[PDB]
$ cat structure30.cif   # mmCIF, C-alpha atoms
data_protein
loop_
_atom_site.group_PDB
_atom_site.id
_atom_site.type_symbol
_atom_site.label_atom_id
_atom_site.label_comp_id
_atom_site.auth_asym_id
_atom_site.auth_seq_id
_atom_site.Cartn_x
_atom_site.Cartn_y
_atom_site.Cartn_z
ATOM 1 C CA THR A 9 -8.201 -4.202 -6.608
ATOM 2 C CA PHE A 10 -6.404 -0.894 -5.945
ATOM 3 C CA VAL A 11 -3.389 0.616 -7.747
ATOM 4 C CA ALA A 12 -0.135 2.111 -6.408
ATOM 5 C CA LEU A 13 -0.627 5.788 -7.302
ATOM 6 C CA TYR A 14 2.952 6.662 -6.287
ATOM 7 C CA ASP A 15 6.084 4.629 -5.507
ATOM 8 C CA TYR A 16 5.591 4.886 -1.705
ATOM 9 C CA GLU A 17 9.130 5.189 -0.286
ATOM 10 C CA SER A 18 8.804 3.577 3.165
ATOM 11 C CA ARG A 19 11.862 3.798 5.444
ATOM 12 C CA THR A 20 11.081 0.939 7.854
ATOM 13 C CA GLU A 21 11.052 -2.719 6.758
ATOM 14 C CA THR A 22 7.496 -3.150 8.092
ATOM 15 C CA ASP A 23 5.718 -1.019 5.465
ATOM 16 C CA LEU A 24 6.197 -2.854 2.148
ATOM 17 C CA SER A 25 7.462 -0.373 -0.467
ATOM 18 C CA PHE A 26 5.477 -0.915 -3.684
ATOM 19 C CA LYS A 27 5.785 0.592 -7.181
ATOM 20 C CA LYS A 28 3.305 2.450 -9.412
ATOM 21 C CA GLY A 29 1.692 -0.548 -11.158
ATOM 22 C CA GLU A 30 2.360 -3.280 -8.567
ATOM 23 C CA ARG A 31 -0.311 -5.684 -7.261
ATOM 24 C CA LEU A 32 -1.607 -4.967 -3.737
ATOM 25 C CA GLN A 33 -4.633 -6.575 -2.043
ATOM 26 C CA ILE A 34 -5.795 -3.564 0.005
ATOM 27 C CA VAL A 35 -7.084 -4.670 3.427
ATOM 28 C CA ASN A 36 -8.797 -1.991 5.541
ATOM 29 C CA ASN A 37 -9.411 1.616 4.443
ATOM 30 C CA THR A 38 -11.398 4.156 6.486
ATOM 31 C CA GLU A 39 -10.503 7.845 5.963
ATOM 32 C CA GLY A 40 -7.624 8.837 3.649
ATOM 33 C CA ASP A 41 -4.866 7.777 6.073
ATOM 34 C CA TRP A 42 -2.597 4.692 6.060
ATOM 35 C CA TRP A 43 -4.475 1.497 5.233
ATOM 36 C CA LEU A 44 -2.597 -1.829 5.298
ATOM 37 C CA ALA A 45 -2.176 -3.993 2.186
ATOM 38 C CA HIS A 46 -1.409 -7.709 1.725
ATOM 39 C CA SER A 47 0.213 -9.259 -1.372
ATOM 40 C CA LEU A 48 -1.434 -12.407 -2.777
ATOM 41 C CA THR A 49 1.866 -14.333 -2.814
ATOM 42 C CA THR A 50 3.491 -15.559 0.423
ATOM 43 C CA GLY A 51 1.431 -13.531 2.920
ATOM 44 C CA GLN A 52 3.443 -10.408 3.813
ATOM 45 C CA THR A 53 1.901 -7.161 5.110
ATOM 46 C CA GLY A 54 2.772 -3.507 4.389
ATOM 47 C CA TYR A 55 1.180 -0.276 5.667
ATOM 48 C CA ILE A 56 0.399 1.482 2.365
ATOM 49 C CA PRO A 57 -0.673 5.139 2.653
ATOM 50 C CA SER A 58 -4.100 5.762 1.072
ATOM 51 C CA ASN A 59 -2.679 8.944 -0.490
ATOM 52 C CA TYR A 60 -0.372 6.718 -2.570
ATOM 53 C CA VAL A 61 -3.084 4.264 -3.697
ATOM 54 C CA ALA A 62 -6.435 4.523 -5.501
ATOM 55 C CA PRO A 63 -9.289 2.275 -6.658
ATOM 56 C CA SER A 64 -8.245 1.664 -10.286
#

$ encode --input "structure30.cif" --output "structure tokens"
Amino acid sequence: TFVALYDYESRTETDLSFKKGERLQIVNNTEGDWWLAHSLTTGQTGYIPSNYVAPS
């Protein structure tokens, strides 16, 4: 239940670019780095930077 703080602008297709206010099921998350997120739709993955996301 996190929120996209900023509109992460990924350059590779791997990282899924999200928007401030999009749904993202955060997966792992150790130190402020680059945790991965999974959308609750088809089952895609996207390395979302922790600096661009935040718990509500």

$ closest_residue --input "structure30.cif" --among "A:9, A:51, A:19, A:62" --to "residue 33 in chain A" --atoms "all atoms listed in the file"
A:9

$ atom_distance --input "structure30.cif" --atom1 "CA of residue 11 in chain A" --atom2 "CA of residue 45 in chain A"
11.0 Å

$ residues_around --input "structure30.cif" --residues "residue 63 in chain A" --least-positions-apart "5" --cutoff "10 Å" --atoms "all atoms listed in the file" --output "ChimeraX atom specification"
/A:9-13,34,58

$ resolve_selection --input "structure30.cif" --expression "the PyMOL selection byres ((chain A and resi 26) around 6)" --output "tab-separated table (two decimals) with C-alpha atoms, keeping the file's coordinate frame"
chain	number	residue	atom	x	y	z
A	15	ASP	CA	6.08	4.63	-5.51
A	25	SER	CA	7.46	-0.37	-0.47
A	27	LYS	CA	5.78	0.59	-7.18

$ closest_residue --input "structure30.cif" --among "A:16, A:35, A:30, A:22" --to "residue 60 in chain A" --atoms "all atoms listed in the file"
A:16

$ residues_around --input "structure30.cif" --residues "residue 21 in chain A" --least-positions-apart "2" --cutoff "12 Å" --atoms "all atoms listed in the file" --output "PyMOL selection string"
chain A and resi 17-19+23-26+52-55

$ atom_distance --input "structure30.cif" --atom1 "CA of residue 50 in chain A" --atom2 "CA of residue 64 in chain A"
23.4 Å

$ atom_distance --input "structure30.cif" --atom1 "CA of residue 59 in chain A" --atom2 "CA of residue 47 in chain A"
18.5 Å

$ resolve_selection --input "structure30.cif" --expression "the PyMOL selection byres ((chain A and resi 39-43) around 6)" --output "ChimeraX atom specification"
/A:36-38,44,55-58

$ axis_aligned_box --input "structure30.cif" --around "range 20-26 of chain A" --padding-each-side "5 Å" --output "lines of an AutoDock Vina configuration file"
center_x = 8.3
center_y = -1.1
center_z = 2.2
size_x = 15.6
size_y = 14.1
size_z = 21.8
